[PDB]
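With PDB, C-alpha atoms inside, this is model-v2.pdb:
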```pdb
MODEL        1
ATOM      1  CA  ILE A  47      73.237  45.191   4.885
ATOM      2  CA  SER A  48      70.088  44.251   2.862
ATOM      3  CA  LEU A  49      67.631  43.764   5.698
ATOM      4  CA  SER A  50      66.325  46.455   3.390
ATOM      5  CA  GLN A  51      65.010  43.869   0.919
ATOM      6  CA  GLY A  52      63.456  42.026   3.864
ATOM      7  CA  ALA A  53      61.631  45.168   4.983
ATOM      8  CA  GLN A  54      60.137  45.739   1.519
ATOM      9  CA  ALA A  55      58.865  42.172   1.362
ATOM     10  CA  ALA A  56      57.194  42.387   4.742
ATOM     11  CA  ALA A  57      55.617  45.738   3.871
ATOM     12  CA  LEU A  58      54.077  44.436   0.689
ATOM     13  CA  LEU A  59      52.612  41.480   2.600
ATOM     14  CA  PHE A  60      51.412  43.778   5.391
ATOM     15  CA  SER A  61      49.689  46.206   3.104
ATOM     16  CA  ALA A  62      48.145  43.604   0.844
ATOM     17  CA  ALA A  63      46.874  41.443   3.694
ATOM     18  CA  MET A  64      45.494  44.263   5.781
ATOM     19  CA  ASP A  65      43.514  45.140   2.676
ATOM     20  CA  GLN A  66      42.380  41.661   1.801
ATOM     21  CA  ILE A  67      41.291  40.857   5.314
ATOM     22  CA  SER A  68      39.713  44.222   6.079
ATOM     23  CA  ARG A  69      37.649  43.589   2.951
ATOM     24  CA  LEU A  70      36.752  39.989   3.726
ATOM     25  CA  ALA A  71      35.705  40.804   7.272
ATOM     26  CA  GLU A  72      33.406  43.544   5.950
ATOM     27  CA  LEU A  73      35.298  45.896   8.245
ATOM     28  CA  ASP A  74      35.701  47.906   5.036
ATOM     29  CA  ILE A  75      34.439  51.224   6.516
ATOM     30  CA  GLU A  76      32.904  53.673   4.013
ATOM     31  CA  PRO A  77      35.559  56.439   3.541
ATOM     32  CA  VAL A  78      34.658  59.352   5.862
ATOM     33  CA  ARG A  79      34.753  62.735   4.074
ATOM     34  CA  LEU A  80      33.940  66.422   4.346
ATOM     35  CA  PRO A  81      30.666  66.718   2.361
ATOM     36  CA  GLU A  82      32.250  69.590   0.401
ATOM     37  CA  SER A  83      35.830  68.392   0.082
ATOM     38  CA  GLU A  84      37.639  70.251  -2.696
ATOM     39  CA  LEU A  85      40.218  67.431  -2.682
ATOM     40  CA  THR A  86      40.265  64.275  -4.741
ATOM     41  CA  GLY A  87      42.067  61.207  -3.327
ATOM     42  CA  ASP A  88      43.287  58.023  -5.044
ATOM     43  CA  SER A  89      43.302  54.439  -3.833
ATOM     44  CA  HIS A  90      46.696  54.861  -2.166
ATOM     45  CA  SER A  91      45.505  57.731  -0.024
ATOM     46  CA  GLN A  92      42.189  55.989   0.532
ATOM     47  CA  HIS A  93      43.889  52.855   1.840
ATOM     48  CA  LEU A  94      45.967  55.077   4.129
ATOM     49  CA  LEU A  95      42.942  56.944   5.469
ATOM     50  CA  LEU A  96      40.946  53.774   6.008
ATOM     51  CA  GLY A  97      43.968  52.595   7.947
ATOM     52  CA  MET A  98      44.041  55.616  10.190
ATOM     53  CA  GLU A  99      40.299  55.256  10.710
ATOM     54  CA  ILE A 100      40.652  51.844  12.273
ATOM     55  CA  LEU A 101      43.483  53.063  14.490
ATOM     56  CA  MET A 102      41.417  55.983  15.705
ATOM     57  CA  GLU A 103      38.329  53.804  16.141
ATOM     58  CA  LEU A 104      40.232  51.365  18.337
ATOM     59  CA  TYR A 105      41.927  54.211  20.189
ATOM     60  CA  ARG A 106      38.392  55.407  20.982
ATOM     61  CA  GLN A 107      37.235  52.033  22.258
ATOM     62  CA  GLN A 108      40.373  51.895  24.406
ATOM     63  CA  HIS A 109      39.513  55.241  26.076
ATOM     64  CA  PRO A 110      35.854  54.975  27.212
ATOM     65  CA  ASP A 111      36.160  57.554  30.033
ATOM     66  CA  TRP A 112      37.344  60.209  27.597
ATOM     67  CA  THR A 113      34.938  62.551  25.788
ATOM     68  CA  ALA A 114      34.617  62.436  21.994
ATOM     69  CA  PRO A 115      36.458  65.781  21.453
ATOM     70  CA  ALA A 116      39.335  64.990  23.840
ATOM     71  CA  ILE A 117      39.674  61.716  21.921
ATOM     72  CA  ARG A 118      40.079  63.507  18.577
ATOM     73  CA  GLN A 119      42.316  66.087  20.196
ATOM     74  CA  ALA A 120      44.635  63.474  21.647
ATOM     75  CA  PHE A 121      44.659  61.196  18.573
ATOM     76  CA  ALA A 122      45.374  63.970  16.044
ATOM     77  CA  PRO A 123      49.025  64.679  16.826
ATOM     78  CA  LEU A 124      49.899  60.996  17.301
ATOM     79  CA  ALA A 125      48.453  60.366  13.872
ATOM     80  CA  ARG A 126      50.447  63.228  12.280
ATOM     81  CA  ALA A 127      53.583  62.114  14.063
ATOM     82  CA  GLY A 128      53.025  58.482  13.080
ATOM     83  CA  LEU A 129      52.536  59.369   9.454
ATOM     84  CA  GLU A 130      55.539  61.689   9.147
ATOM     85  CA  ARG A 131      57.712  59.027  10.812
ATOM     86  CA  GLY A 132      56.190  56.272   8.682
ATOM     87  CA  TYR A 133      57.078  58.342   5.630
ATOM     88  CA  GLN A 134      60.660  58.873   6.865
ATOM     89  CA  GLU A 135      61.093  55.152   7.266
ATOM     90  CA  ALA A 136      59.537  54.385   3.857
ATOM     91  CA  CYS A 137      62.061  56.781   2.315
ATOM     92  CA  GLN A 138      65.049  55.263   4.094
ATOM     93  CA  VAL A 139      64.259  51.763   2.763
ATOM     94  CA  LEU A 140      64.002  53.101  -0.795
ATOM     95  CA  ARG A 141      67.210  55.109  -0.641
ATOM     96  CA  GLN A 142      68.704  51.913   0.743
ATOM     97  CA  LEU A 143      67.154  49.768  -1.988
ATOM     98  CA  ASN A 144      68.739  52.250  -4.404
ATOM     99  CA  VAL A 145      65.349  52.772  -6.040
ATOM    100  CA  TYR A 146      64.681  56.281  -4.648
ATOM    101  CA  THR A 147      64.459  57.977  -8.075
ATOM    102  CA  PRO A 148      63.412  61.650  -8.337
ATOM    103  CA  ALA A 149      60.072  60.400  -9.775
ATOM    104  CA  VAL A 150      59.295  58.006  -6.968
ATOM    105  CA  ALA A 151      60.446  60.531  -4.324
ATOM    106  CA  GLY A 152      57.993  63.046  -5.738
ATOM    107  CA  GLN A 153      55.104  60.619  -5.975
ATOM    108  CA  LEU A 154      55.532  59.381  -2.434
ATOM    109  CA  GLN A 155      55.877  62.918  -1.109
ATOM    110  CA  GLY A 156      52.714  64.014  -2.919
ATOM    111  CA  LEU A 157      50.957  61.104  -1.280
ATOM    112  CA  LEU A 158      52.029  62.124   2.219
ATOM    113  CA  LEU A 159      50.842  65.674   1.602
ATOM    114  CA  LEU A 160      47.558  64.443   0.166
ATOM    115  CA  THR A 161      47.029  62.143   3.137
ATOM    116  CA  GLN A 162      47.901  64.700   5.770
ATOM    117  CA  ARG A 163      45.454  67.227   4.356
ATOM    118  CA  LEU A 164      42.708  64.619   3.964
ATOM    119  CA  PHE A 165      43.152  63.584   7.578
ATOM    120  CA  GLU A 166      43.087  67.207   8.696
ATOM    121  CA  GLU A 167      39.737  67.403   6.981
ATOM    122  CA  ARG A 168      38.471  64.197   8.485
ATOM    123  CA  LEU A 169      39.266  65.512  11.981
ATOM    124  CA  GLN A 170      36.973  68.446  11.405
ATOM    125  CA  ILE A 171      33.929  66.169  11.108
ATOM    126  CA  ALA A 172      31.720  66.923  14.128
TER     127      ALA A 172
ATOM    128  CA  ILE B  47      56.023  50.259 -14.957
ATOM    129  CA  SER B  48      55.881  53.416 -12.823
ATOM    130  CA  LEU B  49      52.510  51.963 -11.704
ATOM    131  CA  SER B  50      54.077  49.055  -9.828
ATOM    132  CA  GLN B  51      56.832  51.020  -8.018
ATOM    133  CA  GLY B  52      54.073  53.372  -6.904
ATOM    134  CA  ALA B  53      52.076  50.486  -5.416
ATOM    135  CA  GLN B  54      55.370  49.644  -3.705
ATOM    136  CA  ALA B  55      56.255  52.996  -2.263
ATOM    137  CA  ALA B  56      52.656  53.217  -1.116
ATOM    138  CA  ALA B  57      52.822  49.844   0.555
ATOM    139  CA  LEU B  58      55.969  50.930   2.378
ATOM    140  CA  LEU B  59      54.304  54.109   3.644
ATOM    141  CA  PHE B  60      51.198  52.204   4.581
ATOM    142  CA  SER B  61      52.964  49.477   6.581
ATOM    143  CA  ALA B  62      55.361  51.844   8.360
ATOM    144  CA  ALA B  63      52.682  54.391   9.203
ATOM    145  CA  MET B  64      50.407  51.746  10.655
ATOM    146  CA  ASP B  65      53.398  50.546  12.628
ATOM    147  CA  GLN B  66      54.248  53.972  13.942
ATOM    148  CA  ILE B  67      50.738  55.031  14.831
ATOM    149  CA  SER B  68      49.847  51.844  16.670
ATOM    150  CA  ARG B  69      52.909  52.294  18.863
ATOM    151  CA  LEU B  70      52.400  55.991  19.522
ATOM    152  CA  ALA B  71      48.707  55.476  20.445
ATOM    153  CA  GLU B  72      49.517  52.536  22.791
ATOM    154  CA  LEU B  73      47.127  50.129  21.130
ATOM    155  CA  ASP B  74      48.310  46.801  22.560
ATOM    156  CA  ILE B  75      47.623  43.494  24.332
ATOM    157  CA  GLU B  76      50.380  43.678  26.998
ATOM    158  CA  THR B  86      58.451  33.309  19.500
ATOM    159  CA  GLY B  87      58.964  35.651  16.465
ATOM    160  CA  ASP B  88      60.600  38.720  14.840
ATOM    161  CA  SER B  89      59.349  42.235  14.066
ATOM    162  CA  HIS B  90      57.876  41.414  10.665
ATOM    163  CA  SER B  91      55.620  38.702  12.064
ATOM    164  CA  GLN B  92      54.824  40.742  15.173
ATOM    165  CA  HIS B  93      53.754  43.527  12.842
ATOM    166  CA  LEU B  94      51.452  41.224  10.848
ATOM    167  CA  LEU B  95      50.086  39.656  14.011
ATOM    168  CA  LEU B  96      49.345  42.973  15.589
ATOM    169  CA  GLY B  97      47.720  43.764  12.264
ATOM    170  CA  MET B  98      45.306  40.846  12.386
ATOM    171  CA  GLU B  99      44.642  41.090  16.085
ATOM    172  CA  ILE B 100      43.439  44.661  15.555
ATOM    173  CA  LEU B 101      41.156  43.700  12.694
ATOM    174  CA  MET B 102      39.703  40.745  14.580
ATOM    175  CA  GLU B 103      39.253  42.997  17.608
ATOM    176  CA  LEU B 104      37.233  45.313  15.440
ATOM    177  CA  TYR B 105      35.284  42.425  13.845
ATOM    178  CA  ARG B 106      34.468  41.342  17.399
ATOM    179  CA  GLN B 107      32.887  44.735  18.029
ATOM    180  CA  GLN B 108      30.853  44.393  14.838
ATOM    181  CA  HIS B 109      29.197  41.360  16.363
ATOM    182  CA  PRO B 110      28.596  42.117  20.043
ATOM    183  CA  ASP B 111      25.886  39.418  19.987
ATOM    184  CA  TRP B 112      28.150  36.435  19.029
ATOM    185  CA  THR B 113      30.242  34.488  21.592
ATOM    186  CA  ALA B 114      34.073  34.596  21.712
ATOM    187  CA  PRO B 115      34.632  31.141  20.150
ATOM    188  CA  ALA B 116      31.934  31.952  17.585
ATOM    189  CA  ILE B 117      34.051  34.873  16.322
ATOM    190  CA  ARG B 118      37.357  33.000  16.367
ATOM    191  CA  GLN B 119      35.664  30.205  14.415
ATOM    192  CA  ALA B 120      34.482  32.816  11.965
ATOM    193  CA  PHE B 121      37.492  35.108  11.610
ATOM    194  CA  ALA B 122      40.206  32.478  11.318
ATOM    195  CA  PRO B 123      39.467  31.367   7.718
ATOM    196  CA  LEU B 124      39.157  34.999   6.685
ATOM    197  CA  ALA B 125      42.568  35.715   8.204
ATOM    198  CA  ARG B 126      43.990  32.631   6.477
ATOM    199  CA  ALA B 127      42.508  33.514   3.099
ATOM    200  CA  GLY B 128      43.606  37.059   3.798
ATOM    201  CA  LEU B 129      47.298  36.314   4.209
ATOM    202  CA  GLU B 130      47.451  33.997   1.189
ATOM    203  CA  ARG B 131      45.972  36.554  -1.099
ATOM    204  CA  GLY B 132      48.323  39.115   0.453
ATOM    205  CA  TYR B 133      51.245  36.835  -0.220
ATOM    206  CA  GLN B 134      50.249  36.328  -3.857
ATOM    207  CA  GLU B 135      49.814  40.053  -4.458
ATOM    208  CA  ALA B 136      53.171  40.651  -2.766
ATOM    209  CA  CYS B 137      54.862  38.151  -5.081
ATOM    210  CA  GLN B 138      53.211  39.881  -8.003
ATOM    211  CA  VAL B 139      54.878  43.211  -7.405
ATOM    212  CA  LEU B 140      58.181  41.634  -6.472
ATOM    213  CA  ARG B 141      58.095  39.893  -9.852
ATOM    214  CA  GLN B 142      56.843  42.976 -11.737
ATOM    215  CA  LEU B 143      59.799  44.903 -10.274
ATOM    216  CA  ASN B 144      62.339  42.252 -11.370
ATOM    217  CA  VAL B 145      63.424  42.073  -7.764
ATOM    218  CA  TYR B 146      62.203  38.558  -6.761
ATOM    219  CA  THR B 147      65.479  36.811  -5.695
ATOM    220  CA  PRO B 148      65.535  33.153  -4.696
ATOM    221  CA  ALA B 149      66.664  34.682  -1.386
ATOM    222  CA  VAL B 150      63.742  37.153  -1.276
ATOM    223  CA  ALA B 151      61.114  34.543  -2.200
ATOM    224  CA  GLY B 152      62.313  32.189   0.508
ATOM    225  CA  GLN B 153      62.362  35.039   3.016
ATOM    226  CA  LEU B 154      58.806  35.973   2.116
ATOM    227  CA  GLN B 155      57.457  32.407   2.170
ATOM    228  CA  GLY B 156      59.231  32.190   5.523
ATOM    229  CA  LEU B 157      57.328  35.115   6.918
ATOM    230  CA  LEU B 158      54.024  33.820   5.544
ATOM    231  CA  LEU B 159      54.278  30.420   7.209
ATOM    232  CA  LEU B 160      55.501  31.789  10.505
ATOM    233  CA  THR B 161      52.838  34.428  10.823
ATOM    234  CA  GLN B 162      50.299  31.911   9.712
ATOM    235  CA  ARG B 163      51.317  29.513  12.465
ATOM    236  CA  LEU B 164      51.650  32.099  15.201
ATOM    237  CA  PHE B 165      48.075  33.308  14.589
ATOM    238  CA  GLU B 166      46.822  29.763  14.963
ATOM    239  CA  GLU B 167      48.624  29.471  18.297
ATOM    240  CA  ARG B 168      46.975  32.730  19.316
ATOM    241  CA  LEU B 169      43.472  31.429  18.636
ATOM    242  CA  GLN B 170      44.052  28.468  20.917
ATOM    243  CA  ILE B 171      45.060  31.003  23.600
ATOM    244  CA  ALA B 172      42.684  33.206  25.688
TER     245      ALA B 172
ENDMDL
END
```
Spell out the structure here as structure tokens.
Amino acid sequence: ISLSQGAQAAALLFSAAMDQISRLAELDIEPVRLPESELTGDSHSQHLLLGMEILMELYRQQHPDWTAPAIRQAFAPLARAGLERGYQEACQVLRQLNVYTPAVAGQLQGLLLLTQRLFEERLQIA
Amino acid sequence: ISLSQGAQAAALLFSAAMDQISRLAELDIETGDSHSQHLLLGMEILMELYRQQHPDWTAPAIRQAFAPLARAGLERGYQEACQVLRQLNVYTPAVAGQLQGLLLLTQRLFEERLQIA
């Protein structure tokens, strides 16, 4: 039942490549932040946010008729939903890989929470 | 080290979340398996964006340009993915072959895409 070790492989490739390419194509968008953010991210969260940026950006392009606010309004819950689900899937794989230690569970959780809040902040940028 | 398995759990969350969000937001263009599809949809998005960063260039002009960057991109990705899989002592003959499988396939499929449309 170890399609689980297939999933992990593919994820590693996905994440590394999306990085490498995004960098090489100079798509590397400067991380968008609240000028007075009290929060400090790490590279993991930063990767994640840059990811969500692209998704939003393309969502925007795909909805020309829609206003800027409506666009943020609509995209916000899908992004939250996507991330919480993403997380749930990432956890399942790890439980299944029998590597879901209390340490790793806590680190991954912290990362979700960090990312959610950072995105909440990003969405406030008018 | 804890360091590596972090980079792992992060990669999981990244991949999955990008998967989820792209589906939920209906970002799409209307043979393969999910892992390649995922990667493809990955690259198509990036290219699509890269397109928009050069409104002035022609369509072939951007395919010409983006292709090598996608190729170089995957290879690097693949190396880095082998790194962690080794660091974690979890790089089975089976796993390695599976991964190399996914590299080549994706790789080809993207080439077939460039010839199309």
May I ask you to extract the residues of chain A within 8 Å of chain B, using all atoms listed in the file, and to give them as a ChimeraX atom specification? /A:51-64,66-68,70-71,73,90,93-94,97-98,101,104-105,108,121,124-125,127-133,135-136,140,150,153-154
Given the choices B:161, B:142, B:119, B:113, which gets closest to residue 49 (chain B) if the distance is worked out from all atoms listed in the file?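 Checking each candidate against residue 49 (chain B), we get B:142 as the closest.
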List the residues matched by the PyMOL selection byres ((chain A and resi 159) around 12) in the displayed structure as a PyMOL selection string, ordered by chain and then by residue number. chain A and resi 85+87+91+94+126+129-130+133+152-158+160-166
Which residue is closest to residue 78 (chain A)? Choose from A:49, A:65, A:134, A:96 and count only C-alpha atoms.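 Looking only at the distances to residue 78 (chain A), the closest residue turns out to be A:96.
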Listed atoms of region 151-166 of chain B boxed along x, y and z, 6 Å each side, centre and edge lengths in Å, one decimal, as JSON:
```
{"center_x": 54.6, "center_y": 32.7, "center_z": 6.5, "size_x": 27.5, "size_y": 18.5, "size_z": 29.4}
```
So how far away is CA of residue 123 (chain A) from CA of residue 99 (chain B), in Å?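 Atom-to-atom, CA of residue 99 (chain B) and CA of residue 123 (chain A) are spaced 24.0 Å apart.
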